[PDB]
Structure formats: structure tokens, C-alpha cells
């Protein structure tokens, strides 16, 4: 019978002098056992949802700070670093950004001179969003996800509304604006998933390299690390970290979780007791090797953030349900759905160093 997360040695303490250990949170998780676990095991936080653009500015000038403020106050009180997710993102983006002053959709404008006017209007709206958020939280955020998921999985840039209306200029202007109002001390990240896939890694590298050569202020790369038990490979993960280090960039692991399933997560288990112990052991073996890699590359990695706390709250549950006709759970963390430690906890708290040849 495994002990509860509040009864075992601290993860963040184990990784002192190597990297911070972070968790994604909701404001309603900052009480009770989840808050107890946060304070005991983590020294960095990120808002799972309360700081995304539609949460903060759902309508132009309608600012919703309360939930984000609660996370900031918790980080202040318990000496936790805070990442910011996220200033600019194509996902669930507030539609009002992309509507011109006549009420028409900018993406559909066919007149060239009007398209140029839309580009300037949209960039001003983006600048004002970044300015307002950075001015409020500058002294509380130590890593800014300035742009998120701007590379397409099929190659090249993601053809979101941001890209259709502004080209790459929204990326350039976002970093310049975050630097302007955050100051030279703000640490500015480009965040993405599947950064271990060589073709996507290379596209992100080529984009960031070109931007750096133009003077765009970029300090690091966020690797979301939504991974599986058998994918991606340790060697591809190593290759990706090193390539961005070669540009002088920090690496952060920003949204780590290890699904029990492939992609798509078909054939998900409908109850936690249906999970075979051998599957949690395989997860433990993989987490061991993953954090062994992180230790080897600790000079290149400033923080490792899990996209949640314990298995009772993860976006992977909704992903399982999406692909299994509305039913299904996932178990991606080192703490299980009752807050008891899993085999993976023991394998990343330990000091084992005998290799696995």
C-alpha cells in the first residue's frame, strides 16, 4: 500500500542544483491536499488555463484577472517561480482579435491595402495585450511563453489567423513587445510540442535562428513534452535539447505528462483499477530514463514542469474520452488519482546511477 504524496521526500529538493520542478495548476487546486502536495514537492508553477488569452481578455478591454492573481499570490507566498502560459496562441483565440473595425473577418479580406491595415490593427491589439499583461505580472513571472505552437506538424509555419494576417511579424513583434515592457531581465520562450520530432525540431530551429539573426529577443525554447511510454526516443529528446543549446538558448520542459497510451489514445481504460500494474511499471522505467537524461543535460535545462499534479486532474482524461466515445481515463504522473505515490515516483526520487546497458 503506497504512501501518500505528502508522506514522501520532496521532488523539488531532489533536483536542487539541477532544475526547478513545476506543476500546472487551476486556482481551485490551491487548497487542501493539492496545495499541500504543491508546497511539498514543487518550486515552480504555471497556470493551466487562467492566463491564456481568452481567459484574460475575452472581449476587448474586458480583463479577467482574479484567477491568475490567485496563482500569483500563491507563488509569492510559497517561494515558487512562475511561468506564463501564454501570451500569443492560435488555440481558442478570442475571435475579436481578428475582426476589423467594420465587423468583418480579417482572414477573408481580399483588398491588399485593407489587408495591410488589418495587419497593423491586429499587431496593435496584440501589442496592447502583451503590454497590459507584462506590466501587471513583470515582477512575478520568470519565464514567458511569448508564442505557443507556431510551427506546423506538417512542415513550415502554422497557418493560423495570426500567420494569415501578419506573416511571421506577429512572432517578431510579440518578442519585441515582451522585451520592451518586461525589460532586458525577462526570459522569453517560444513553446511547442513534438519538439523531439526531427523535422519539427529543425523547423523550429530554423525559425528561431533566423529571428535571432534579425535581433529578435528570444532566450529559450519550451518543450511541452506530451510524451508516451514508448515515444519519443531518449536520443531524439537529447538531440533536440542540444540543438537549441547550440543557439545559446535555455531549454525548459514545460508540460510534461506520460500517457499510458499511443496517439490516438484508443482503447483507454475506463477505471483506474483496470490499469495493469505492469503498465505502471513500464511508465516507471521510462520516467527513470527520462530524468536520467535531464540530469545529464541539467546545464541546458532550467526547469521541468509537469502539466498537472496527480492523476485525478489531467487534460489527458478529456483526450481519452474524446477518442473512446466519451469514457476513459489516463494516469500520466508520479502521483496517482488518490494522491498515492506510483512506481514512477520512486524511480525519479532515487539516486540510482548504474545505467541500463
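Residue numbers count along the first chain shown, from 1.
Higher-B stretch (mean Cα B-factor, as the entry records it), 33-41 or 318-326
The entry gives the higher C-alpha B-factor average to 318-326.
Which has the higher mean CA temperature factor in the PDB entry, 112-120 or 169-177?
The recorded data point to 112-120.
Return the residue from 199, 283, 252, 148 that has the highest Cα B-factor in the entry.
In this record, 199 carries the highest C-alpha B-factor of the candidates.
Between 76, 158, 129, 83, which one tops the list for Cα B-factor in this entry?
Most elevated C-alpha B-factor of the set, per the entry: 158.
Please say which third, lowest, middle or highest, residue 191 falls into when its CA temperature factor is compared across its chain.
Its C-alpha B-factor belongs to the lowest third of this chain's values.
Taking the entry's C-alpha B-factors for this chain, is residue 143 in the lowest, middle or highest third?
It falls in the bottom third of the chain.
Based on the deposited C-alpha B factors for this chain, I'd like to know if residue 237 is in the lowest, middle or highest third.
Ranked within chain, residue 237 CA B lands in the middle tercile.
Give the position of residue 20 by CA B-factor within its chain, expressed as the lowest, middle or highest third.
It belongs to the lowest third of the chain when residues are ordered by C-alpha B-factor.
Residue 105 - Cα temperature factor, lowest/middle/highest third of chain:
Residue 105: CA B-factor falls in the highest third of its chain.
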